[PDB]
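Chemist: Structure: coords_28.cif, mmCIF, C-alpha atoms and all ligand atoms.
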data_final
loop_
_atom_site.label_atom_id
_atom_site.label_comp_id
_atom_site.auth_asym_id
_atom_site.auth_seq_id
_atom_site.Cartn_x
_atom_site.Cartn_y
_atom_site.Cartn_z
CA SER A 57 -9.25 -39.58 -1.20
CA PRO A 58 -8.52 -37.30 1.84
CA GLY A 59 -4.94 -36.51 0.57
CA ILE A 60 -5.93 -35.40 -2.98
CA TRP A 61 -5.71 -31.83 -4.22
CA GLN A 62 -6.08 -30.14 -7.65
CA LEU A 63 -4.09 -27.04 -8.67
CA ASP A 64 -5.83 -24.41 -10.77
CA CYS A 65 -4.50 -21.11 -12.16
CA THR A 66 -6.80 -18.21 -13.18
CA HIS A 67 -6.20 -14.56 -14.26
CA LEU A 68 -7.66 -11.27 -13.02
CA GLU A 69 -6.46 -7.60 -13.22
CA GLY A 70 -3.42 -8.81 -15.16
CA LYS A 71 -2.27 -10.94 -12.21
CA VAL A 72 -2.43 -14.69 -11.66
CA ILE A 73 -4.40 -16.40 -8.83
CA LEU A 74 -3.08 -19.82 -8.03
CA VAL A 75 -5.64 -22.07 -6.29
CA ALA A 76 -5.39 -25.48 -4.65
CA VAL A 77 -8.66 -27.35 -4.13
CA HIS A 78 -9.14 -30.24 -1.86
CA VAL A 79 -11.05 -32.39 -4.27
CA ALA A 80 -13.32 -34.28 -1.76
CA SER A 81 -14.45 -31.21 0.19
CA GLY A 82 -14.18 -28.22 -2.12
CA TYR A 83 -12.04 -26.39 0.49
CA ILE A 84 -9.47 -24.07 -1.14
CA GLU A 85 -6.24 -22.10 -0.46
CA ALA A 86 -5.23 -19.38 -2.93
CA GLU A 87 -2.53 -16.77 -3.56
CA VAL A 88 -1.92 -13.90 -6.01
CA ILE A 89 1.39 -14.10 -7.88
CA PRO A 90 2.77 -11.95 -10.83
CA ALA A 91 2.91 -14.98 -13.09
CA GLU A 92 2.77 -18.71 -12.81
CA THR A 93 6.40 -19.94 -12.78
CA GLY A 94 7.76 -23.25 -11.49
CA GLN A 95 9.31 -21.48 -8.55
CA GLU A 96 6.06 -19.83 -7.41
CA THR A 97 4.13 -23.11 -7.88
CA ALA A 98 6.80 -25.00 -5.88
CA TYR A 99 6.66 -22.52 -2.98
CA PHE A 100 2.80 -22.55 -3.01
CA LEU A 101 2.86 -26.36 -2.74
CA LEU A 102 5.43 -26.36 0.04
CA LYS A 103 3.12 -23.96 2.00
CA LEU A 104 0.05 -26.04 1.35
CA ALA A 105 1.72 -29.36 2.31
CA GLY A 106 3.02 -27.89 5.64
CA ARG A 107 -0.55 -27.05 6.54
CA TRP A 108 -2.63 -29.99 5.31
CA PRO A 109 -1.72 -33.64 4.60
CA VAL A 110 -1.11 -33.33 0.81
CA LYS A 111 -0.53 -36.84 -0.62
CA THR A 112 -1.32 -36.30 -4.28
CA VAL A 113 -1.50 -33.15 -6.40
CA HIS A 114 -3.05 -33.03 -9.81
CA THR A 115 -1.03 -30.32 -11.50
CA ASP A 116 -2.83 -27.64 -13.50
CA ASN A 117 -0.76 -27.83 -16.71
CA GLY A 118 2.22 -29.55 -18.33
CA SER A 119 4.69 -26.82 -17.51
CA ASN A 120 4.18 -27.33 -13.81
CA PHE A 121 4.03 -31.03 -14.32
CA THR A 122 7.48 -30.87 -16.01
CA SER A 123 9.08 -28.14 -13.85
CA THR A 124 12.18 -29.44 -12.07
CA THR A 125 11.59 -26.95 -9.25
CA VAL A 126 8.03 -28.28 -8.82
CA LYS A 127 9.26 -31.87 -8.88
CA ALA A 128 11.92 -30.97 -6.26
CA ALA A 129 9.24 -29.52 -3.97
CA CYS A 130 6.99 -32.49 -4.45
CA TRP A 131 9.91 -34.79 -3.58
CA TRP A 132 10.83 -32.70 -0.48
CA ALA A 133 7.23 -32.64 0.75
CA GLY A 134 6.33 -36.31 0.09
CA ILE A 135 3.85 -35.36 -2.59
CA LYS A 136 2.90 -37.65 -5.57
CA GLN A 137 2.74 -35.37 -8.50
CA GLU A 138 0.10 -36.36 -11.05
CA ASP A 139 -1.43 -34.90 -14.24
CA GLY A 140 -4.73 -32.98 -14.06
CA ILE A 141 -6.20 -34.42 -17.25
CA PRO A 142 -10.05 -34.55 -16.90
CA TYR A 143 -10.15 -38.40 -17.21
CA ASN A 144 -13.66 -37.75 -15.98
CA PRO A 145 -14.51 -35.31 -18.87
CA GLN A 146 -16.66 -33.19 -16.41
CA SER A 147 -13.48 -31.99 -14.62
CA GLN A 148 -12.78 -29.14 -17.12
CA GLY A 149 -16.29 -27.75 -16.60
CA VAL A 150 -15.99 -28.09 -12.80
CA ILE A 151 -12.69 -26.13 -12.83
CA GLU A 152 -14.14 -23.40 -15.12
CA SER A 153 -17.21 -23.08 -12.88
CA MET A 154 -14.99 -22.77 -9.78
CA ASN A 155 -13.01 -19.93 -11.36
CA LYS A 156 -16.18 -18.09 -12.34
CA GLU A 157 -17.57 -18.39 -8.82
CA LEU A 158 -14.27 -17.34 -7.24
CA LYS A 159 -14.14 -14.28 -9.47
CA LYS A 160 -17.80 -13.51 -8.50
CA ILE A 161 -16.85 -13.57 -4.82
CA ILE A 162 -13.81 -11.44 -5.44
CA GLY A 163 -16.01 -8.88 -7.20
CA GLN A 164 -18.36 -8.88 -4.20
CA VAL A 165 -15.53 -7.83 -1.83
CA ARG A 166 -13.26 -6.01 -4.29
CA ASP A 167 -14.21 -2.58 -2.98
CA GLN A 168 -13.38 -3.42 0.67
CA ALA A 169 -9.56 -3.67 -0.09
CA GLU A 170 -6.94 -1.77 -2.01
CA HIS A 171 -4.91 -4.79 -3.16
CA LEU A 172 -6.15 -7.72 -5.12
CA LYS A 173 -4.30 -10.17 -2.81
CA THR A 174 -6.50 -9.00 0.10
CA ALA A 175 -9.70 -9.46 -1.82
CA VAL A 176 -8.62 -12.99 -2.84
CA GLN A 177 -8.02 -13.96 0.81
CA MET A 178 -11.49 -12.51 1.68
CA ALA A 179 -12.89 -14.66 -1.11
CA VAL A 180 -11.07 -17.81 0.27
CA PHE A 181 -12.60 -17.00 3.65
CA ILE A 182 -16.17 -16.60 2.22
CA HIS A 183 -15.90 -19.79 0.13
CA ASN A 184 -14.53 -22.00 2.85
CA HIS A 185 -17.18 -20.80 5.39
CA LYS A 186 -20.20 -20.94 2.98
CA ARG A 187 -22.82 -23.34 4.06
CA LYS A 188 -24.38 -25.76 1.56
CA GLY A 193 -25.62 -28.17 5.18
CA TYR A 194 -21.89 -28.23 6.09
CA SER A 195 -19.14 -25.77 4.96
CA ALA A 196 -16.07 -26.79 2.91
CA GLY A 197 -13.97 -26.15 6.01
CA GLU A 198 -16.14 -28.51 8.06
CA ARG A 199 -15.99 -31.14 5.31
CA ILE A 200 -12.24 -31.20 4.97
CA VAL A 201 -11.68 -31.54 8.71
CA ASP A 202 -14.34 -34.38 8.92
CA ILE A 203 -12.77 -36.17 5.95
CA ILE A 204 -9.21 -36.06 7.25
CA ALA A 205 -10.12 -36.84 10.89
CA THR A 206 -12.12 -39.94 9.78
CA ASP A 207 -8.97 -41.10 8.04
CA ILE A 208 -7.84 -42.97 11.23
CA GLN A 209 -9.80 -41.41 14.26
CA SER B 57 -10.42 -24.16 23.10
CA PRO B 58 -10.53 -25.55 19.48
CA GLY B 59 -10.90 -21.96 18.06
CA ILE B 60 -8.03 -20.41 20.13
CA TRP B 61 -4.81 -19.22 18.57
CA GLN B 62 -1.73 -17.25 19.87
CA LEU B 63 0.20 -14.84 17.67
CA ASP B 64 3.97 -14.65 18.12
CA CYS B 65 6.58 -12.53 16.35
CA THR B 66 10.30 -13.49 16.22
CA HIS B 67 13.39 -12.07 14.37
CA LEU B 68 15.97 -13.74 12.15
CA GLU B 69 18.36 -12.39 9.46
CA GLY B 70 17.05 -8.87 10.05
CA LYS B 71 13.56 -9.99 9.02
CA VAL B 72 10.46 -10.75 11.11
CA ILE B 73 8.73 -14.17 11.25
CA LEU B 74 5.13 -13.90 12.25
CA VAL B 75 3.72 -17.15 13.76
CA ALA B 76 0.18 -18.22 14.73
CA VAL B 77 -0.02 -21.22 17.08
CA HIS B 78 -3.11 -23.26 17.65
CA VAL B 79 -2.86 -23.40 21.42
CA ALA B 80 -4.47 -26.86 22.02
CA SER B 81 -2.47 -28.72 19.34
CA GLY B 82 0.78 -26.84 18.79
CA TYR B 83 0.08 -26.68 15.02
CA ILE B 84 1.50 -23.48 13.47
CA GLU B 85 1.32 -21.27 10.33
CA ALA B 86 4.12 -18.72 9.76
CA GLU B 87 5.21 -16.07 7.24
CA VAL B 88 8.25 -13.83 6.76
CA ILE B 89 7.51 -10.08 6.60
CA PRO B 90 9.92 -7.03 6.52
CA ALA B 91 8.51 -5.68 9.79
CA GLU B 92 5.53 -6.30 12.02
CA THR B 93 3.00 -3.57 11.14
CA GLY B 94 -0.78 -3.55 11.70
CA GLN B 95 -1.38 -4.08 8.03
CA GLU B 96 0.82 -7.21 7.78
CA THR B 97 -0.67 -8.67 10.98
CA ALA B 98 -4.19 -7.97 9.68
CA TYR B 99 -3.50 -9.70 6.37
CA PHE B 100 -1.88 -12.67 8.15
CA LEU B 101 -4.96 -13.07 10.34
CA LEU B 102 -7.33 -12.83 7.40
CA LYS B 103 -5.36 -15.68 5.68
CA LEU B 104 -5.36 -17.78 8.83
CA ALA B 105 -9.12 -17.34 9.50
CA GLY B 106 -9.99 -18.30 5.90
CA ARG B 107 -8.18 -21.58 6.43
CA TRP B 108 -9.01 -22.67 10.00
CA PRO B 109 -11.97 -21.73 12.29
CA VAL B 110 -10.26 -18.92 14.27
CA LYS B 111 -12.59 -17.81 17.12
CA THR B 112 -10.17 -16.08 19.41
CA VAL B 113 -6.66 -14.74 18.93
CA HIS B 114 -4.38 -13.74 21.68
CA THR B 115 -2.38 -10.93 20.12
CA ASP B 116 1.40 -10.87 20.54
CA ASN B 117 1.81 -7.26 21.77
CA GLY B 118 -0.09 -4.08 22.53
CA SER B 119 0.53 -2.44 19.20
CA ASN B 120 -1.30 -5.20 17.36
CA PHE B 121 -3.90 -5.32 20.13
CA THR B 122 -4.53 -1.53 19.53
CA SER B 123 -4.06 -1.42 15.71
CA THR B 124 -7.28 -0.31 14.04
CA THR B 125 -6.29 -2.27 10.87
CA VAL B 126 -5.97 -5.41 13.05
CA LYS B 127 -9.26 -4.67 14.79
CA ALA B 128 -10.93 -4.20 11.38
CA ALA B 129 -9.66 -7.59 10.16
CA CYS B 130 -10.77 -9.24 13.34
CA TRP B 131 -14.27 -7.74 12.99
CA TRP B 132 -14.39 -8.78 9.28
CA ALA B 133 -13.32 -12.36 10.04
CA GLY B 134 -15.46 -12.81 13.21
CA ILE B 135 -12.44 -13.09 15.42
CA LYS B 136 -12.51 -12.07 19.15
CA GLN B 137 -9.33 -10.26 19.65
CA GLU B 138 -7.77 -10.78 23.11
CA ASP B 139 -4.54 -9.87 24.91
CA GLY B 140 -1.72 -12.41 25.07
CA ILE B 141 -0.72 -11.67 28.63
CA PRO B 142 0.62 -14.90 30.34
CA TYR B 143 -2.00 -14.86 33.16
CA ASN B 144 -0.64 -18.37 33.42
CA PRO B 145 2.97 -17.16 34.07
CA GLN B 146 4.55 -20.25 32.28
CA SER B 147 3.15 -18.90 29.01
CA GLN B 148 6.26 -16.59 28.67
CA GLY B 149 8.77 -19.44 28.67
CA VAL B 150 6.52 -21.52 26.37
CA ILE B 151 6.61 -18.82 23.67
CA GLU B 152 10.36 -18.21 23.89
CA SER B 153 10.88 -22.01 23.81
CA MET B 154 8.81 -22.27 20.63
CA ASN B 155 10.88 -19.53 18.95
CA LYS B 156 14.17 -21.22 19.84
CA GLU B 157 12.88 -24.58 18.49
CA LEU B 158 11.60 -22.93 15.32
CA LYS B 159 14.89 -21.19 14.72
CA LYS B 160 16.68 -24.58 15.31
CA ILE B 161 14.55 -26.16 12.55
CA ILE B 162 15.16 -23.26 10.24
CA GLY B 163 18.92 -23.66 10.80
CA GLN B 164 18.53 -27.41 9.92
CA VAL B 165 17.06 -26.56 6.46
CA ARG B 166 18.57 -23.12 5.83
CA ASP B 167 21.13 -24.37 3.33
CA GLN B 168 18.44 -26.08 1.17
CA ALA B 169 16.92 -22.65 0.11
CA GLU B 170 18.18 -19.30 -1.08
CA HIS B 171 15.41 -17.25 0.62
CA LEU B 172 14.50 -17.22 4.27
CA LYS B 173 10.74 -17.44 3.48
CA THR B 174 11.31 -20.85 1.89
CA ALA B 175 13.25 -22.16 4.88
CA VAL B 176 10.48 -20.94 7.24
CA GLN B 177 7.85 -22.82 5.25
CA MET B 178 10.07 -25.96 5.38
CA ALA B 179 10.26 -25.47 9.11
CA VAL B 180 6.43 -25.17 9.33
CA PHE B 181 6.17 -28.42 7.42
CA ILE B 182 8.71 -30.25 9.69
CA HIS B 183 7.08 -28.97 12.89
CA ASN B 184 3.54 -29.77 11.89
CA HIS B 185 4.43 -33.31 10.74
CA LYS B 186 6.77 -34.18 13.71
CA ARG B 187 5.53 -37.11 15.77
CA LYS B 188 5.63 -36.59 19.55
CA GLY B 193 2.53 -40.69 18.97
CA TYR B 194 0.47 -38.01 17.07
CA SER B 195 1.64 -34.93 14.99
CA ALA B 196 0.44 -31.32 15.55
CA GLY B 197 -1.41 -31.62 12.22
CA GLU B 198 -3.16 -34.75 13.42
CA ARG B 199 -4.07 -33.10 16.76
CA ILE B 200 -5.56 -30.01 15.29
CA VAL B 201 -7.82 -31.87 12.86
CA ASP B 202 -8.96 -34.31 15.72
CA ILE B 203 -9.69 -31.34 18.05
CA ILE B 204 -11.68 -29.41 15.52
CA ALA B 205 -13.49 -32.46 14.13
CA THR B 206 -14.52 -33.61 17.62
CA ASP B 207 -15.94 -30.15 18.13
CA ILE B 208 -18.03 -30.39 14.87
CA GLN B 209 -19.37 -33.91 15.65
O1 LIG C 301 -18.83 -23.33 -6.00
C1 LIG C 301 -17.90 -23.77 -6.70
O2 LIG C 301 -17.95 -23.92 -7.95
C2 LIG C 301 -16.59 -24.06 -5.99
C3 LIG C 301 -16.11 -25.31 -5.69
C4 LIG C 301 -16.84 -26.56 -6.02
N1 LIG C 301 -16.06 -27.73 -5.68
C5 LIG C 301 -16.46 -28.71 -4.77
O3 LIG C 301 -17.30 -28.63 -3.90
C6 LIG C 301 -15.63 -29.93 -4.96
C7 LIG C 301 -14.70 -29.51 -6.02
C8 LIG C 301 -13.68 -30.25 -6.59
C9 LIG C 301 -12.99 -29.60 -7.60
CL1 LIG C 301 -11.66 -30.28 -8.45
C10 LIG C 301 -13.30 -28.31 -7.99
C11 LIG C 301 -14.31 -27.58 -7.42
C12 LIG C 301 -15.00 -28.24 -6.43
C13 LIG C 301 -14.88 -25.43 -5.06
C14 LIG C 301 -14.16 -24.29 -4.76
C15 LIG C 301 -14.64 -23.03 -5.06
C16 LIG C 301 -15.85 -22.95 -5.68
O4 LIG C 301 -16.39 -21.76 -6.02
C17 LIG C 301 -15.64 -20.54 -5.76
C18 LIG C 301 -14.48 -20.55 -4.88
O5 LIG C 301 -13.88 -21.90 -4.75
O1 LIG C 302 -5.89 -2.43 1.35
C1 LIG C 302 -5.46 -3.61 1.44
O2 LIG C 302 -5.51 -4.39 0.45
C2 LIG C 302 -4.91 -4.15 2.73
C3 LIG C 302 -5.59 -4.01 3.93
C4 LIG C 302 -6.88 -3.22 3.92
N1 LIG C 302 -7.79 -3.32 5.05
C5 LIG C 302 -7.75 -2.59 6.23
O3 LIG C 302 -7.16 -1.55 6.39
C6 LIG C 302 -8.57 -3.31 7.26
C7 LIG C 302 -8.96 -4.57 6.53
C8 LIG C 302 -9.66 -5.69 6.96
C9 LIG C 302 -9.81 -6.71 6.05
CL1 LIG C 302 -10.64 -8.17 6.47
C10 LIG C 302 -9.33 -6.62 4.76
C11 LIG C 302 -8.64 -5.51 4.34
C12 LIG C 302 -8.46 -4.52 5.26
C13 LIG C 302 -5.07 -4.54 5.11
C14 LIG C 302 -3.87 -5.24 5.15
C15 LIG C 302 -3.22 -5.36 3.92
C16 LIG C 302 -3.71 -4.84 2.74
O4 LIG C 302 -3.04 -4.97 1.53
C17 LIG C 302 -2.30 -6.20 1.48
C18 LIG C 302 -1.52 -6.48 2.72
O5 LIG C 302 -2.07 -6.04 3.97
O1 LIG C 303 -16.68 -22.32 10.49
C1 LIG C 303 -16.55 -23.11 9.51
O2 LIG C 303 -17.38 -23.26 8.56
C2 LIG C 303 -15.30 -23.94 9.52
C3 LIG C 303 -15.28 -25.10 10.28
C4 LIG C 303 -16.56 -25.42 11.02
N1 LIG C 303 -16.39 -25.89 12.37
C5 LIG C 303 -16.15 -27.23 12.68
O3 LIG C 303 -16.51 -28.23 12.06
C6 LIG C 303 -15.36 -27.26 13.96
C7 LIG C 303 -15.43 -25.85 14.41
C8 LIG C 303 -14.97 -25.34 15.60
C9 LIG C 303 -15.16 -23.99 15.81
CL1 LIG C 303 -14.58 -23.32 17.30
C10 LIG C 303 -15.79 -23.20 14.87
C11 LIG C 303 -16.24 -23.73 13.67
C12 LIG C 303 -16.03 -25.08 13.46
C13 LIG C 303 -14.16 -25.90 10.35
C14 LIG C 303 -12.99 -25.56 9.67
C15 LIG C 303 -13.02 -24.38 8.92
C16 LIG C 303 -14.15 -23.56 8.83
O4 LIG C 303 -14.20 -22.39 8.06
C17 LIG C 303 -12.86 -21.91 7.87
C18 LIG C 303 -12.09 -23.00 7.24
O5 LIG C 303 -11.88 -24.07 8.24
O1 LIG C 304 8.41 -27.59 20.47
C1 LIG C 304 7.91 -26.47 20.71
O2 LIG C 304 8.28 -25.70 21.65
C2 LIG C 304 6.83 -25.95 19.80
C3 LIG C 304 5.51 -25.84 20.18
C4 LIG C 304 4.95 -26.24 21.50
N1 LIG C 304 3.54 -25.94 21.58
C5 LIG C 304 2.58 -26.92 21.82
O3 LIG C 304 2.70 -28.11 21.59
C6 LIG C 304 1.33 -26.28 22.36
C7 LIG C 304 1.71 -24.84 22.37
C8 LIG C 304 0.97 -23.75 22.77
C9 LIG C 304 1.61 -22.52 22.68
CL1 LIG C 304 0.89 -21.00 23.08
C10 LIG C 304 2.90 -22.39 22.23
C11 LIG C 304 3.64 -23.48 21.83
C12 LIG C 304 3.01 -24.70 21.93
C13 LIG C 304 4.57 -25.32 19.32
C14 LIG C 304 4.98 -24.89 18.09
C15 LIG C 304 6.28 -24.98 17.68
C16 LIG C 304 7.20 -25.51 18.54
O4 LIG C 304 8.50 -25.58 18.13
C17 LIG C 304 8.79 -25.52 16.70
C18 LIG C 304 8.01 -24.51 16.00
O5 LIG C 304 6.61 -24.54 16.42
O1 LIG C 305 15.57 -20.67 -3.26
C1 LIG C 305 14.45 -20.48 -2.74
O2 LIG C 305 14.34 -20.00 -1.59
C2 LIG C 305 13.20 -20.88 -3.48
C3 LIG C 305 13.09 -22.13 -4.07
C4 LIG C 305 14.26 -23.09 -4.01
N1 LIG C 305 14.06 -24.51 -4.27
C5 LIG C 305 14.10 -25.16 -5.48
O3 LIG C 305 14.52 -24.70 -6.51
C6 LIG C 305 13.49 -26.51 -5.31
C7 LIG C 305 12.99 -26.44 -3.89
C8 LIG C 305 12.27 -27.36 -3.13
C9 LIG C 305 11.93 -26.98 -1.86
CL1 LIG C 305 10.99 -28.00 -0.84
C10 LIG C 305 12.33 -25.75 -1.33
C11 LIG C 305 13.06 -24.87 -2.08
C12 LIG C 305 13.36 -25.26 -3.35
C13 LIG C 305 11.92 -22.49 -4.74
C14 LIG C 305 10.84 -21.62 -4.84
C15 LIG C 305 10.99 -20.38 -4.25
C16 LIG C 305 12.14 -20.00 -3.57
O4 LIG C 305 12.31 -18.76 -2.98
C17 LIG C 305 11.15 -17.92 -3.03
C18 LIG C 305 9.85 -18.63 -3.27
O5 LIG C 305 9.95 -19.54 -4.36
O1 LIG C 306 0.79 -36.13 8.22
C1 LIG C 306 0.50 -35.58 9.32
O2 LIG C 306 1.18 -35.65 10.39
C2 LIG C 306 -0.75 -34.73 9.27
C3 LIG C 306 -2.00 -35.28 9.51
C4 LIG C 306 -2.05 -36.77 9.86
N1 LIG C 306 -3.08 -37.58 9.20
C5 LIG C 306 -4.40 -37.74 9.70
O3 LIG C 306 -4.86 -37.61 10.83
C6 LIG C 306 -5.30 -38.11 8.54
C7 LIG C 306 -4.35 -38.19 7.42
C8 LIG C 306 -4.69 -38.53 6.13
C9 LIG C 306 -3.65 -38.56 5.23
CL1 LIG C 306 -4.02 -38.98 3.60
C10 LIG C 306 -2.34 -38.28 5.61
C11 LIG C 306 -2.03 -37.93 6.92
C12 LIG C 306 -3.08 -37.88 7.81
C13 LIG C 306 -3.12 -34.47 9.45
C14 LIG C 306 -3.06 -33.11 9.13
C15 LIG C 306 -1.79 -32.61 8.87
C16 LIG C 306 -0.64 -33.39 8.94
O4 LIG C 306 0.64 -32.88 8.71
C17 LIG C 306 0.53 -31.75 7.84
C18 LIG C 306 -0.30 -30.75 8.54
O5 LIG C 306 -1.70 -31.28 8.56
#
Once more with this new file: its structure as structure tokens, please.
Modeler:
Amino acid sequence: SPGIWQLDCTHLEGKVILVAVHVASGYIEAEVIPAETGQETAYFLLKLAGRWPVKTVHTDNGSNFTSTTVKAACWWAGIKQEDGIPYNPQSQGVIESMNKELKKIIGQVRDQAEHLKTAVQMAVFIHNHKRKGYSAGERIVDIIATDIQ
Amino acid sequence: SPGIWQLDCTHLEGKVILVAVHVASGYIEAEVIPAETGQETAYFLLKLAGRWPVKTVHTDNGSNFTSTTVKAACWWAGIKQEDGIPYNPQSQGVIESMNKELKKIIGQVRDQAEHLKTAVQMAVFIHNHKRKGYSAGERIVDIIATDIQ
């Protein structure tokens, strides 16, 4: 459980926002890229796995799942690469709802920055700090620290 | 002390590596930028503070300490911006030692990537996972989680 993350890709202003969600807490990291390519996904995962203990990643689509660059990064980083098929058929709805909420947050800060990438990082900040009550950031630290503490 | 971070800026291959260290654990995040400007430092801090609970940052120099773009990001993110003067005079050697170690790691992976930014993120991964027997990544989550609970 504490090592599991889900990748998610969404589009806004003709750019791509790649998101990784820590499935047990709802904590996220996100970046703006020009387009989702295996190389960008690989580098996003290498960043993520240097910062948090990423044991398993459910990939967002079959292109990333197949990408040899992605598989090379997963190998390098000790990550088990898995599919992101909604085996629980409520996973597709959860992912859609997350993107809608993320885009709502982005719209709430959009005017405070020139560049979309800045507004996305403001939106990561607001989501991870939001109380609902613990925040996502509190939950992920409690989850991982319990895992041997 | 669980919210305290130190910024640090080092140079390699004619590029700038900006580093934030979590003082109590030694955990780091790092990025490659063309040059240290207020805008890049501000954006780096906004990313950091969306991901970890950053209460105080000791800035790496007086230009960032003065930068109104940095001060605006610190206000936005709820960060107390402080100087990074080694009032504890060993603090100078500790920072240069960290840079030399980081550049050693980078040299150990440099050949496995075309682009410096990828080698820096590999180095972040290796440092944060290194056992010294707990890792930096383990220490920071234990520090912050003990603070929550
Ligand atoms: O409120 C949401 O819908 C939301 C969520 C909801 N969420 C959880 O709490 C757990 C979880 C697992 C997965 Cl697989 C996807 C989303 C979520 C996560 C991230 C977000 C969200 O909203 C916007 C920004 O990021
Ligand atoms: O206008 C922008 O998008 C931008 C900004 C804009 N801006 C400021 O000038 C002060 C500030 C605080 C915060 Cl919390 C967010 C954005 C900004 C800062 C750094 C950047 C930016 O672009 C991307 C890289 O660095
Ligand atoms: O402030 C939060 O909601 C938060 C927290 C909350 N919190 C803790 O549980 C421990 C802690 C220490 C400090 Cl000194 C400030 C806030 C927190 C932890 C990690 C985060 C957070 O938000 C950013 C993502 O990581
Ligand atoms: O071994 C080191 O010197 C080292 C350190 C040492 N370190 C700690 O453990 C605590 C600490 C506080 C501060 Cl203010 C600076 C460095 C460190 C941190 C990060 C690194 C390091 O080397 C590799 C890259 O990151
Ligand atoms: O050659 C690079 O530096 C690079 C790479 C190189 N590379 C692979 O092709 C597979 C791989 C695994 C890992 Cl663990 C690190 C780098 C690479 C991937 C993504 C990138 C890169 O550069 C920019 C960001 O995206
Ligand atoms: O693997 C580590 O050394 C590590 C850890 C170590 N560890 C824990 O304390 C709990 C845990 C759960 C899992 Cl499932 C894997 C590793 C760890 C935590 C955070 C990190 C780590 O390294 C990456 C940065 O964040």
Chemist: Atom CA of residue B:157 and atom CA of residue B:81 are how many Å apart?
Modeler: 15.9 Å
Chemist: Could you tell me how far atom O5 of ligand LIG 306 (chain C) lies from atom CA of residue A:107, in Å and to one decimal?
Modeler: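 About the pair atom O5 of ligand LIG 306 (chain C) and atom CA of residue A:107: they are 4.8 Å apart.
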Chemist: Enumerate as a PyMOL selection string the residues belonging to chain B that approach chain A to within 8 Å, with only C-alpha atoms taken into account.
Modeler: chain B and resi 85+99+102-103+105-109+133+174+177-178+180-182+184-185+197-198+201-202+204-205+208
Chemist: One decimal, in Å: what's the spacing between atom CA of residue B:127 and atom CA of residue B:143?
Modeler: 22.2 Å
Chemist: Quick one: residues within 9 Å of residue A:92, only C-alpha atoms counted, chain neighbours fewer than 6 positions away excluded, as a PyMOL selection string?
Modeler: chain A and resi 65+72-74+120
Chemist: Would you write out those residues with C-alpha atoms, as a PDB file, in the coordinates of the input?
Modeler:
ATOM      1  CA  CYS A  65      -4.500 -21.110 -12.160  1.00  0.00           C
ATOM      2  CA  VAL A  72      -2.430 -14.690 -11.660  1.00  0.00           C
ATOM      3  CA  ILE A  73      -4.400 -16.400  -8.830  1.00  0.00           C
ATOM      4  CA  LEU A  74      -3.080 -19.820  -8.030  1.00  0.00           C
ATOM      5  CA  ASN A 120       4.180 -27.330 -13.810  1.00  0.00           C
TER       6      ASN A 120
END
Chemist: For ligand LIG 302 (chain C), which of B:69, B:126, B:167, B:195 is the closest residue, counting all atoms listed in the file?
Modeler: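 Closest to ligand LIG 302 (chain C), using all atoms listed in the file: B:126.
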Chemist: Select, from A:172, A:82, A:142, A:124, the residue with the minimum atom-to-atom distance to ligand LIG 302 (chain C), counting only C-alpha atoms and all ligand atoms.
Modeler: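 Comparing A:172, A:82, A:142, A:124 against ligand LIG 302 (chain C), the winner is A:172.
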Chemist: Find the residue from B:158, B:68, B:175, B:63 that sits nearest to ligand LIG 305 (chain C); use only C-alpha atoms and all ligand atoms when measuring.
Modeler: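 Closest to ligand LIG 305 (chain C) of all the choices is B:175.
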Chemist: Could you check which of B:137, B:168, B:62, B:112 is closest to ligand LIG 305 (chain C), using all atoms listed in the file?
Modeler: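 Closest residue, counting all atoms listed in the file: B:168.
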Chemist: For residue B:140, which residue among B:164, B:97, B:66, B:115 is the nearest when counting all atoms listed in the file?
Modeler: B:115
Chemist: Using only C-alpha atoms and all ligand atoms, find the one residue out of B:88, B:113, B:79, B:60 that sits nearest to ligand LIG 305 (chain C).
Modeler: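 Smallest separation from ligand LIG 305 (chain C) among the options: B:88.
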Chemist: Could the centre and edge lengths of an axis-aligned box, enclosing all atoms of ligand LIG 302 (chain C) in the file with 8 Å extra on each side, be given in Å to one decimal as lines of an AutoDock Vina configuration file?
Modeler:
center_x = -6.1
center_y = -4.9
center_z = 3.9
size_x = 25.1
size_y = 22.6
size_z = 22.8
Chemist: Using the atoms already present, construct N, CA and C atoms for stretch 135-140 of chain A and hand them back as a PDB file, keeping the file's coordinate frame.
Modeler:
ATOM      1  N   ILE A 135       5.038 -35.459  -1.775  1.00  0.00           N
ATOM      2  CA  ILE A 135       3.850 -35.360  -2.590  1.00  0.00           C
ATOM      3  C   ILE A 135       3.990 -36.186  -3.901  1.00  0.00           C
ATOM      4  N   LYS A 136       2.991 -37.006  -4.231  1.00  0.00           N
ATOM      5  CA  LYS A 136       2.900 -37.650  -5.570  1.00  0.00           C
ATOM      6  C   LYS A 136       2.343 -36.666  -6.555  1.00  0.00           C
ATOM      7  N   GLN A 137       3.133 -36.357  -7.560  1.00  0.00           N
ATOM      8  CA  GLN A 137       2.740 -35.370  -8.500  1.00  0.00           C
ATOM      9  C   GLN A 137       2.030 -36.066  -9.654  1.00  0.00           C
ATOM     10  N   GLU A 138       0.817 -35.683  -9.986  1.00  0.00           N
ATOM     11  CA  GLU A 138       0.100 -36.360 -11.050  1.00  0.00           C
ATOM     12  C   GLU A 138      -0.337 -35.359 -12.093  1.00  0.00           C
ATOM     13  N   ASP A 139      -0.852 -35.834 -13.248  1.00  0.00           N
ATOM     14  CA  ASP A 139      -1.430 -34.900 -14.240  1.00  0.00           C
ATOM     15  C   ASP A 139      -2.827 -34.451 -13.792  1.00  0.00           C
ATOM     16  N   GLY A 140      -3.376 -33.407 -14.398  1.00  0.00           N
ATOM     17  CA  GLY A 140      -4.730 -32.980 -14.060  1.00  0.00           C
ATOM     18  C   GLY A 140      -5.653 -33.191 -15.239  1.00  0.00           C
TER      19      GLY A 140
END
